[PDB]
């Protein structure tokens, strides 16, 4: 038994999307508490060579990473930013699932 890179990436991307969304639903707000998982999600999409270069889901995650890069470690996302991030992550997750079909 041996699992390939692609299937490991798919499992990690699905679990990271849901983990980041769940943290946001649990009122986790600090940049240093959300950003590391988001970075892990972005890098795993980057390791998934089968994704199209302009893939929608990666663009949404990247834009959030860029936004978080302007914050201090201790800065917190506000209610509006959390709701928007959840909408963007749901949209990126759905785009990933659509890609798989």
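Positions refer to the first chain, counted from 1.
> Would you tell me which stretch averages the higher CA B-factor in the PDB entry, 69-77 or 32-40?
Of 32-40 and 69-77, the stretch with the higher C-alpha B-factor average is 69-77.
> Going by the B-factors listed in the PDB entry, is the mean over the C-alpha atoms higher for 44-52 or for 59-67?
Comparing 44-52 with 59-67, the higher mean C-alpha B-factor belongs to 44-52.
> Can you tell me which third, lowest, middle or highest, the CA B-factor of residue 7 falls into for its chain?
As the PDB entry reports it, the C-alpha B-factor of residue 7 lands in the middle third of its chain.
> Select lowest, middle or highest to describe the third in which the CA B-factor of residue 83 falls within its chain in this entry.
Lowest third of the chain for residue 83's C-alpha B-factor.
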